[PDB]
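What follows is the content of coords01.cif, which has mmCIF, C-alpha atoms; chains and numbers go by the auth columns:
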data_structure
loop_
_atom_site.group_PDB
_atom_site.id
_atom_site.type_symbol
_atom_site.label_atom_id
_atom_site.label_comp_id
_atom_site.label_asym_id
_atom_site.label_seq_id
_atom_site.Cartn_x
_atom_site.Cartn_y
_atom_site.Cartn_z
_atom_site.B_iso_or_equiv
_atom_site.auth_seq_id
_atom_site.auth_asym_id
ATOM 1 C CA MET A 1 0.285 -3.332 22.311 0.00 1 A
ATOM 2 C CA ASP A 2 3.606 -2.028 20.973 0.00 2 A
ATOM 3 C CA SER A 3 3.794 1.425 19.444 0.00 3 A
ATOM 4 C CA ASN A 4 4.918 -0.075 16.132 0.00 4 A
ATOM 5 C CA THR A 5 1.940 -2.440 15.910 0.00 5 A
ATOM 6 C CA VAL A 6 -0.291 0.644 16.074 0.00 6 A
ATOM 7 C CA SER A 7 1.625 2.659 13.446 0.00 7 A
ATOM 8 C CA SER A 8 1.806 -0.401 11.198 0.00 8 A
ATOM 9 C CA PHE A 9 -1.979 -0.813 11.351 0.00 9 A
ATOM 10 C CA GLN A 10 -2.584 2.886 10.722 0.00 10 A
ATOM 11 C CA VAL A 11 -0.381 2.883 7.637 0.00 11 A
ATOM 12 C CA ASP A 12 -1.986 -0.330 6.299 0.00 12 A
ATOM 13 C CA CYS A 13 -5.489 1.159 6.803 0.00 13 A
ATOM 14 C CA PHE A 14 -4.561 4.291 4.870 0.00 14 A
ATOM 15 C CA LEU A 15 -2.828 2.366 2.058 0.00 15 A
ATOM 16 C CA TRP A 16 -5.902 0.153 1.778 0.00 16 A
ATOM 17 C CA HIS A 17 -8.009 3.348 1.328 0.00 17 A
ATOM 18 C CA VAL A 18 -5.660 4.484 -1.460 0.00 18 A
ATOM 19 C CA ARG A 19 -5.950 1.105 -3.187 0.00 19 A
ATOM 20 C CA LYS A 20 -9.771 1.314 -2.935 0.00 20 A
ATOM 21 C CA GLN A 21 -9.702 4.683 -4.685 0.00 21 A
ATOM 22 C CA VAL A 22 -7.523 3.187 -7.474 0.00 22 A
ATOM 23 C CA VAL A 23 -10.210 0.513 -7.961 0.00 23 A
ATOM 24 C CA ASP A 24 -13.025 3.139 -7.944 0.00 24 A
ATOM 25 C CA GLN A 25 -11.095 4.927 -10.704 0.00 25 A
ATOM 26 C CA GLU A 26 -11.225 1.683 -12.744 0.00 26 A
ATOM 27 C CA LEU A 27 -7.437 1.329 -12.698 0.00 27 A
ATOM 28 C CA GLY A 28 -7.173 -2.070 -10.976 0.00 28 A
ATOM 29 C CA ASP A 29 -6.846 -5.468 -12.640 0.00 29 A
ATOM 30 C CA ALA A 30 -8.426 -8.704 -11.337 0.00 30 A
ATOM 31 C CA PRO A 31 -5.579 -9.770 -9.026 0.00 31 A
ATOM 32 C CA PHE A 32 -5.364 -6.179 -7.685 0.00 32 A
ATOM 33 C CA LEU A 33 -9.067 -6.378 -6.837 0.00 33 A
ATOM 34 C CA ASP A 34 -8.604 -9.792 -5.209 0.00 34 A
ATOM 35 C CA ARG A 35 -5.816 -8.445 -2.948 0.00 35 A
ATOM 36 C CA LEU A 36 -8.087 -5.493 -2.039 0.00 36 A
ATOM 37 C CA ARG A 37 -10.889 -7.861 -0.983 0.00 37 A
ATOM 38 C CA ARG A 38 -8.598 -10.203 0.992 0.00 38 A
ATOM 39 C CA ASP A 39 -6.841 -7.330 2.747 0.00 39 A
ATOM 40 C CA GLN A 40 -10.115 -5.649 3.758 0.00 40 A
ATOM 41 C CA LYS A 41 -11.093 -8.844 5.633 0.00 41 A
ATOM 42 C CA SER A 42 -7.641 -9.072 7.258 0.00 42 A
ATOM 43 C CA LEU A 43 -7.641 -5.426 8.302 0.00 43 A
ATOM 44 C CA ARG A 44 -11.068 -5.722 9.952 0.00 44 A
ATOM 45 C CA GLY A 45 -9.855 -8.725 11.929 0.00 45 A
ATOM 46 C CA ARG A 46 -6.662 -6.881 13.029 0.00 46 A
ATOM 47 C CA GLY A 47 -8.755 -3.839 13.940 0.00 47 A
ATOM 48 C CA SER A 48 -11.078 -6.029 16.029 0.00 48 A
ATOM 49 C CA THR A 49 -8.181 -7.761 17.797 0.00 49 A
ATOM 50 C CA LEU A 50 -6.389 -4.487 18.619 0.00 50 A
ATOM 51 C CA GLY A 51 -9.626 -2.626 19.532 0.00 51 A
ATOM 52 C CA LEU A 52 -8.711 0.204 17.100 0.00 52 A
ATOM 53 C CA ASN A 53 -11.412 2.127 15.174 0.00 53 A
ATOM 54 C CA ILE A 54 -10.636 1.724 11.455 0.00 54 A
ATOM 55 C CA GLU A 55 -11.711 5.227 10.346 0.00 55 A
ATOM 56 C CA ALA A 56 -9.604 6.867 13.043 0.00 56 A
ATOM 57 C CA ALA A 57 -6.604 4.681 12.184 0.00 57 A
ATOM 58 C CA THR A 58 -6.996 5.507 8.462 0.00 58 A
ATOM 59 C CA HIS A 59 -6.730 9.240 9.238 0.00 59 A
ATOM 60 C CA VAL A 60 -3.613 8.803 11.369 0.00 60 A
ATOM 61 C CA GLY A 61 -2.144 6.657 8.605 0.00 61 A
ATOM 62 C CA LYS A 62 -2.671 9.523 6.157 0.00 62 A
ATOM 63 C CA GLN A 63 -0.691 11.826 8.455 0.00 63 A
ATOM 64 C CA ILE A 64 2.165 9.314 8.771 0.00 64 A
ATOM 65 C CA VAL A 65 2.390 8.949 4.997 0.00 65 A
ATOM 66 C CA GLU A 66 2.156 12.710 4.356 0.00 66 A
ATOM 67 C CA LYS A 67 5.094 13.194 6.732 0.00 67 A
ATOM 68 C CA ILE A 68 7.046 10.647 4.694 0.00 68 A
ATOM 69 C CA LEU A 69 6.126 12.067 1.246 0.00 69 A
ATOM 70 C CA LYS A 70 7.545 15.477 2.324 0.00 70 A
ATOM 71 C CA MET B 1 -0.790 -6.510 -21.586 0.00 1 I
ATOM 72 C CA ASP B 2 -3.951 -4.694 -20.477 0.00 2 I
ATOM 73 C CA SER B 3 -3.775 -1.053 -19.472 0.00 3 I
ATOM 74 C CA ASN B 4 -5.020 -1.931 -15.984 0.00 4 I
ATOM 75 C CA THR B 5 -2.298 -4.529 -15.397 0.00 5 I
ATOM 76 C CA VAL B 6 0.235 -1.745 -15.992 0.00 6 I
ATOM 77 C CA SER B 7 -1.447 0.817 -13.702 0.00 7 I
ATOM 78 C CA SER B 8 -1.921 -1.847 -11.032 0.00 8 I
ATOM 79 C CA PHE B 9 1.801 -2.660 -11.095 0.00 9 I
ATOM 80 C CA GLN B 10 2.784 1.010 -11.009 0.00 10 I
ATOM 81 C CA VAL B 11 0.616 1.682 -7.973 0.00 11 I
ATOM 82 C CA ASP B 12 1.895 -1.448 -6.168 0.00 12 I
ATOM 83 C CA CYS B 13 5.527 -0.413 -6.858 0.00 13 I
ATOM 84 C CA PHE B 14 4.938 3.046 -5.411 0.00 14 I
ATOM 85 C CA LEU B 15 3.038 1.740 -2.361 0.00 15 I
ATOM 86 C CA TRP B 16 5.874 -0.710 -1.737 0.00 16 I
ATOM 87 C CA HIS B 17 8.298 2.285 -1.743 0.00 17 I
ATOM 88 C CA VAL B 18 6.098 4.050 0.832 0.00 18 I
ATOM 89 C CA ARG B 19 6.056 0.947 3.036 0.00 19 I
ATOM 90 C CA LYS B 20 9.875 0.727 2.785 0.00 20 I
ATOM 91 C CA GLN B 21 10.163 4.306 4.023 0.00 21 I
ATOM 92 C CA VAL B 22 7.864 3.462 6.984 0.00 22 I
ATOM 93 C CA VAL B 23 10.269 0.629 7.877 0.00 23 I
ATOM 94 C CA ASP B 24 13.336 2.924 7.498 0.00 24 I
ATOM 95 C CA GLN B 25 11.619 5.283 9.952 0.00 25 I
ATOM 96 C CA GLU B 26 11.433 2.376 12.445 0.00 26 I
ATOM 97 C CA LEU B 27 7.629 2.406 12.423 0.00 27 I
ATOM 98 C CA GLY B 28 7.007 -1.163 11.214 0.00 28 I
ATOM 99 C CA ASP B 29 6.348 -4.230 13.355 0.00 29 I
ATOM 100 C CA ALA B 30 7.581 -7.765 12.550 0.00 30 I
ATOM 101 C CA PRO B 31 4.623 -8.863 10.399 0.00 31 I
ATOM 102 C CA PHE B 32 4.765 -5.503 8.545 0.00 32 I
ATOM 103 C CA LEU B 33 8.422 -6.200 7.764 0.00 33 I
ATOM 104 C CA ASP B 34 7.601 -9.750 6.649 0.00 34 I
ATOM 105 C CA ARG B 35 4.948 -8.471 4.194 0.00 35 I
ATOM 106 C CA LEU B 36 7.501 -5.931 2.881 0.00 36 I
ATOM 107 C CA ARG B 37 10.040 -8.700 2.203 0.00 37 I
ATOM 108 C CA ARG B 38 7.507 -11.060 0.574 0.00 38 I
ATOM 109 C CA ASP B 39 6.039 -8.311 -1.595 0.00 39 I
ATOM 110 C CA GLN B 40 9.459 -7.138 -2.816 0.00 40 I
ATOM 111 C CA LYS B 41 10.093 -10.655 -4.196 0.00 41 I
ATOM 112 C CA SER B 42 6.624 -10.765 -5.797 0.00 42 I
ATOM 113 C CA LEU B 43 6.986 -7.330 -7.362 0.00 43 I
ATOM 114 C CA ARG B 44 10.353 -8.212 -8.925 0.00 44 I
ATOM 115 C CA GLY B 45 8.826 -11.332 -10.452 0.00 45 I
ATOM 116 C CA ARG B 46 5.829 -9.353 -11.834 0.00 46 I
ATOM 117 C CA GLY B 47 8.214 -6.706 -13.164 0.00 47 I
ATOM 118 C CA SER B 48 10.286 -9.403 -14.893 0.00 48 I
ATOM 119 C CA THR B 49 7.215 -11.070 -16.409 0.00 49 I
ATOM 120 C CA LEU B 50 5.759 -7.787 -17.714 0.00 50 I
ATOM 121 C CA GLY B 51 9.162 -6.419 -18.865 0.00 51 I
ATOM 122 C CA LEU B 52 8.558 -3.185 -16.881 0.00 52 I
ATOM 123 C CA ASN B 53 11.455 -1.286 -15.236 0.00 53 I
ATOM 124 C CA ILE B 54 10.670 -1.061 -11.504 0.00 54 I
ATOM 125 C CA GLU B 55 12.104 2.439 -10.911 0.00 55 I
ATOM 126 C CA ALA B 56 10.155 3.873 -13.834 0.00 56 I
ATOM 127 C CA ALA B 57 6.954 2.153 -12.687 0.00 57 I
ATOM 128 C CA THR B 58 7.457 3.470 -9.124 0.00 58 I
ATOM 129 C CA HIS B 59 7.566 7.057 -10.439 0.00 59 I
ATOM 130 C CA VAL B 60 4.405 6.633 -12.506 0.00 60 I
ATOM 131 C CA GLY B 61 2.746 5.075 -9.469 0.00 61 I
ATOM 132 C CA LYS B 62 3.580 8.199 -7.463 0.00 62 I
ATOM 133 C CA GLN B 63 1.828 10.331 -10.087 0.00 63 I
ATOM 134 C CA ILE B 64 -1.272 8.104 -10.054 0.00 64 I
ATOM 135 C CA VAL B 65 -1.504 8.319 -6.269 0.00 65 I
ATOM 136 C CA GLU B 66 -0.883 12.090 -6.183 0.00 66 I
ATOM 137 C CA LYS B 67 -3.775 12.517 -8.626 0.00 67 I
ATOM 138 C CA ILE B 68 -5.961 10.508 -6.252 0.00 68 I
ATOM 139 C CA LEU B 69 -4.875 12.315 -3.042 0.00 69 I
ATOM 140 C CA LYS B 70 -5.947 15.658 -4.617 0.00 70 I
#
Represent the structure of the file as C-alpha cells.
Amino acid sequence: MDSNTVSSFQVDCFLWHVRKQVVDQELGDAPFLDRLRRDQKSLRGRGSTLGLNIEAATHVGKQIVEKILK
Amino acid sequence: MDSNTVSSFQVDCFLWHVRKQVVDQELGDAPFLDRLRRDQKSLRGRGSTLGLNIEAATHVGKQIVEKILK
C-alpha cells in the first residue's frame, strides 16, 4: 500500500462526508445525489480492499483538508 | 435553472479546487489524478451549459462548505 493511496482514500472519505452534509441541507440536485450514492458504494469497496476503517480515514481526511485550506 | 442545480455546481467546483491542491501537494495516487482530470472536463461542460463562471462558482462553493464545516 503506497502512502499516496492512503492519503487519497482519506481525502475522498472526508469529501464524501462534506457532500452528504450538502444533501442533508437540501442543497443537492438529482445528479448530485446520484453521484453521492454511487461514490458511497465505491468508497466502501475501496475501504474493504485496503483494510482501512472509514470513520478513522474520514477524520484524517479532515485534517489533510484543513491543512490545505490554511 | 433550479436553485439546487446552482448550489450543486458551486460545491462541486470548490471540491474540485480542493482535490487539485491535494494533487499539487503530491498526495494523490494515479486513480485520484484520473478522477481529477475527468471531473475538470465535466465541470467545464456543466459550467458552459449553465452559463456560470467557474471562478465565481468556486468562491461561492467555498462559502457553502465553510458554513457546513462550522
Go through chain I residue by residue and, counting all atoms listed in the file, keep those with an atom at most 12 Å from chain A; for each kept residue give the shortest atom pair and its distance in Å to one decimal, ordered by chain and increasing number, as a Markdown table.
| residue | atom | partner | partner_atom | distance |
| --- | --- | --- | --- | --- |
| I:1 | CA | A:29 | CA | 10.9 |
| I:2 | CA | A:29 | CA | 8.4 |
| I:3 | CA | A:27 | CA | 8.1 |
| I:4 | CA | A:29 | CA | 5.2 |
| I:5 | CA | A:29 | CA | 5.4 |
| I:6 | CA | A:29 | CA | 8.7 |
| I:7 | CA | A:27 | CA | 6.1 |
| I:8 | CA | A:28 | CA | 5.3 |
| I:9 | CA | A:32 | CA | 8.7 |
| I:10 | CA | A:27 | CA | 10.4 |
| I:11 | CA | A:19 | CA | 8.1 |
| I:12 | CA | A:19 | CA | 8.8 |
| I:14 | CA | A:15 | CA | 10.8 |
| I:15 | CA | A:15 | CA | 7.4 |
| I:16 | CA | A:15 | CA | 10.0 |
| I:17 | CA | A:69 | CA | 10.5 |
| I:18 | CA | A:65 | CA | 7.4 |
| I:19 | CA | A:11 | CA | 8.1 |
| I:20 | CA | A:68 | CA | 10.5 |
| I:21 | CA | A:68 | CA | 7.1 |
| I:22 | CA | A:68 | CA | 7.6 |
| I:23 | CA | A:8 | CA | 9.1 |
| I:24 | CA | A:68 | CA | 10.3 |
| I:25 | CA | A:68 | CA | 8.8 |
| I:26 | CA | A:4 | CA | 7.9 |
| I:27 | CA | A:4 | CA | 5.2 |
| I:28 | CA | A:8 | CA | 5.3 |
| I:29 | CA | A:4 | CA | 5.2 |
| I:30 | CA | A:5 | CA | 8.5 |
| I:31 | CA | A:5 | CA | 8.9 |
| I:32 | CA | A:8 | CA | 6.5 |
| I:33 | CA | A:8 | CA | 9.4 |
| I:34 | CA | A:8 | CA | 11.9 |
| I:35 | CA | A:12 | CA | 10.9 |
| I:36 | CA | A:8 | CA | 11.5 |
| I:39 | CA | A:35 | CA | 11.9 |
| I:46 | CA | A:31 | CA | 11.8 |
| I:61 | CA | A:22 | CA | 10.6 |
| I:62 | CA | A:69 | CA | 9.9 |
| I:64 | CA | A:22 | CA | 8.4 |
| I:65 | CA | A:18 | CA | 7.4 |
| I:66 | CA | A:18 | CA | 10.1 |
| I:67 | CA | A:22 | CA | 10.1 |
| I:68 | CA | A:21 | CA | 7.1 |
| I:69 | CA | A:18 | CA | 8.0 |
| I:70 | CA | A:21 | CA | 11.6 |
Selection above as a file: C-alpha atoms, as an mmCIF file, keeping the file's coordinate frame:
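Saved file again.cif follows:
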data_model
loop_
_atom_site.group_PDB
_atom_site.id
_atom_site.type_symbol
_atom_site.label_atom_id
_atom_site.label_comp_id
_atom_site.auth_asym_id
_atom_site.auth_seq_id
_atom_site.Cartn_x
_atom_site.Cartn_y
_atom_site.Cartn_z
ATOM 1 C CA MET I 1 -0.790 -6.510 -21.586
ATOM 2 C CA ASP I 2 -3.951 -4.694 -20.477
ATOM 3 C CA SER I 3 -3.775 -1.053 -19.472
ATOM 4 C CA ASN I 4 -5.020 -1.931 -15.984
ATOM 5 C CA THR I 5 -2.298 -4.529 -15.397
ATOM 6 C CA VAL I 6 0.235 -1.745 -15.992
ATOM 7 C CA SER I 7 -1.447 0.817 -13.702
ATOM 8 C CA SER I 8 -1.921 -1.847 -11.032
ATOM 9 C CA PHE I 9 1.801 -2.660 -11.095
ATOM 10 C CA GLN I 10 2.784 1.010 -11.009
ATOM 11 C CA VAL I 11 0.616 1.682 -7.973
ATOM 12 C CA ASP I 12 1.895 -1.448 -6.168
ATOM 13 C CA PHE I 14 4.938 3.046 -5.411
ATOM 14 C CA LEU I 15 3.038 1.740 -2.361
ATOM 15 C CA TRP I 16 5.874 -0.710 -1.737
ATOM 16 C CA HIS I 17 8.298 2.285 -1.743
ATOM 17 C CA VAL I 18 6.098 4.050 0.832
ATOM 18 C CA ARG I 19 6.056 0.947 3.036
ATOM 19 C CA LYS I 20 9.875 0.727 2.785
ATOM 20 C CA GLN I 21 10.163 4.306 4.023
ATOM 21 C CA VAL I 22 7.864 3.462 6.984
ATOM 22 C CA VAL I 23 10.269 0.629 7.877
ATOM 23 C CA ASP I 24 13.336 2.924 7.498
ATOM 24 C CA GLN I 25 11.619 5.283 9.952
ATOM 25 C CA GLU I 26 11.433 2.376 12.445
ATOM 26 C CA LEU I 27 7.629 2.406 12.423
ATOM 27 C CA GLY I 28 7.007 -1.163 11.214
ATOM 28 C CA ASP I 29 6.348 -4.230 13.355
ATOM 29 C CA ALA I 30 7.581 -7.765 12.550
ATOM 30 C CA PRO I 31 4.623 -8.863 10.399
ATOM 31 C CA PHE I 32 4.765 -5.503 8.545
ATOM 32 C CA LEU I 33 8.422 -6.200 7.764
ATOM 33 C CA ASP I 34 7.601 -9.750 6.649
ATOM 34 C CA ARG I 35 4.948 -8.471 4.194
ATOM 35 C CA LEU I 36 7.501 -5.931 2.881
ATOM 36 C CA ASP I 39 6.039 -8.311 -1.595
ATOM 37 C CA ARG I 46 5.829 -9.353 -11.834
ATOM 38 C CA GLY I 61 2.746 5.075 -9.469
ATOM 39 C CA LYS I 62 3.580 8.199 -7.463
ATOM 40 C CA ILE I 64 -1.272 8.104 -10.054
ATOM 41 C CA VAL I 65 -1.504 8.319 -6.269
ATOM 42 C CA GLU I 66 -0.883 12.090 -6.183
ATOM 43 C CA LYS I 67 -3.775 12.517 -8.626
ATOM 44 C CA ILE I 68 -5.961 10.508 -6.252
ATOM 45 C CA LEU I 69 -4.875 12.315 -3.042
ATOM 46 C CA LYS I 70 -5.947 15.658 -4.617
#
Edge lengths and centre, in Å to one decimal, as lines of an AutoDock Vina configuration file: that's what I need for the box along x, y and z that holds all listed atoms of segment 34-48 of chain A plus 4 Å on each side.
center_x = -8.5
center_y = -7.0
center_z = 5.4
size_x = 13.3
size_y = 14.4
size_z = 29.2
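Coordinates place atom CA of residue 42 of chain I at a distance of 26.0 Å from atom CA of residue 47 of chain A.
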Which value, in Å to one decimal, gives the distance between atom CA of residue 58 of chain A and atom CA of residue 37 of chain A?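 Computing the Euclidean distance for atom CA of residue 58 of chain A and atom CA of residue 37 of chain A yields 16.8 Å.
Between atom CA of residue 43 of chain I and atom CA of residue 43 of chain A the interatomic distance comes to 21.5 Å.
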